[PDB]
Every structure is written in structure tokens, then in C-alpha cells.
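Down below is the structure, laid out as C-alpha cells.
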């Protein structure tokens, strides 16, 4: 008996626009993506989450090798209850800088939204050791016994199987 509270329906959209991972990023471009970054936060404080996503995407296309632009867009994406698109962003952030804690914080929420108990118990616990937050901790403590219970069930099964 597993408590599926807070668990929603997986987003079934086309991949959001990523960058050109292998593109030349110039001084101008680098400036031009920074101003967009600032504006996309201005929208995020103010609550216009979709204007944030467009302004993060507009930055990502000019500076596709900046891990924060992917950590922060997936910050928004979780709010719009879009975990796969979050995960998509997060996976791109780590692949750049795995030393950054945010990509594991959000990707762990994304997994929590989808009901991936274990997947979530890792990433959160990992972000808690990379850069502790009370928001990550509280989430982890919530997921823990779920992810435990599921993993304990997974054994007893795969053992017979």
C-alpha cells in the first residue's frame, strides 16, 4: 500500500528548445544571454512563469553551456507541473556541471511529482550534501520511507523472479 499523494500525470509534450551544445558562444552572445537571464528572474519573482521559460530559452540559445540556465528553467518547469521537461533540463545541467546542487534539487522534485520514489530519494539526498536546503531536506524526509518501502518490495520480488 503506497501513498500516491502529490503524484500527477506525466507531461507529453515535444522537447523544449535546447541549445546548440557545440556552438560558438561570443562575448556579445554571452552578454546577450545574461540580460535575458536577469529578465527571466524578473518574471519569476513577479510570477509570470511562462515568460520566464521563454526568457530562459532565449538565453539558452545564446549561451547553451551555462548550467544555471538549465537549473533555473527546470526550476520553473516543476511549478508548471512539467517533470519530464524539468528532468530534460536537469540532465543537461549536470552533463555540464555535476558539482552544482540545484540540478539535483529540482530533478528530485520532478521525480517526486512523477512518483519515482527511489529516483527522487537519491537526487534530493545528493543535493542535500552538495548544498543543503530546508526545502530539499523536507522533501527528502517525505520521500525516504516511500523509496525505502518500494526498494524493499523490489528485492523480495526480484529475488523470487
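Numbering (the deposited numbering), first residue to last: 81 to 241. We treat Cβ as the ideally placed atom computed from N, Cα and C, and that holds for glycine.
DSSP state of residue i, grouped into three classes?
{"i": "residue 198", "result": "helix"}
{"i": "residue 181", "result": "coil"}
{"i": "residue 176", "result": "coil"}
{"i": "residue 239", "result": "helix"}
{"i": "residue 96", "result": "coil"}
{"i": "residue 230", "result": "helix"}
{"i": "residue 243", "result": "Only positions 81 to 241 of the chain appear in this structure, which leaves residue 243 out of reach."}
{"i": "residue 207", "result": "helix"}
{"i": "residue 90", "result": "coil"}
{"i": "residue 215", "result": "helix"}
{"i": "residue 222", "result": "helix"}
Would you kindly check if the distance between the Cβ of residue j and the Cβ of residue i is under 9 Å?
{"i": "residue 181", "j": "residue 207", "result": "yes"}
{"i": "residue 168", "j": "residue 96", "result": "yes"}
{"i": "residue 138", "j": "residue 166", "result": "no"}
{"i": "residue 223", "j": "residue 204", "result": "yes"}
{"i": "residue 197", "j": "residue 82", "result": "yes"}
{"i": "residue 135", "j": "residue 117", "result": "yes"}
{"i": "residue 99", "j": "residue 140", "result": "yes"}
{"i": "residue 144", "j": "residue 103", "result": "yes"}
{"i": "residue 154", "j": "residue 183", "result": "yes"}
Select from the options the residue whose C-alpha is nearest the C-alpha of residue i.
{"i": "residue 162", "options": "129, 111, 141 and 241", "result": "129"}
{"i": "residue 227", "options": "214, 156, 195 and 237", "result": "195"}
{"i": "residue 190", "options": "178, 209 and 216", "result": "216"}
{"i": "residue 156", "options": "126, 108 and 209", "result": "126"}
{"i": "residue 221", "options": "107, 143 and 202", "result": "202"}
{"i": "residue 119", "options": "183, 211 and 133", "result": "133"}
{"i": "residue 213", "options": "185, 103 and 142", "result": "185"}
{"i": "residue 164", "options": "209, 142, 240 and 91", "result": "91"}
{"i": "residue 179", "options": "210, 105 and 154", "result": "210"}
{"i": "residue 107", "options": "124, 131 and 142", "result": "142"}
{"i": "residue 146", "options": "131, 240 and 170", "result": "170"}
*So, do the region 164-181 and the region 136-152 have three or more beta carbon pairs nearer to each other than 8 Å?*
A contact exists between the region 164-181 and the region 136-152.
*Quick one: complete alpha helix (DSSP H) runs, 4+ long, within the region 101-170?*
The region 101-170 contains, as complete alpha helix (DSSP H) runs of 4+ residues, the segments 107-126, 129-140 and 147-159 (chain order).
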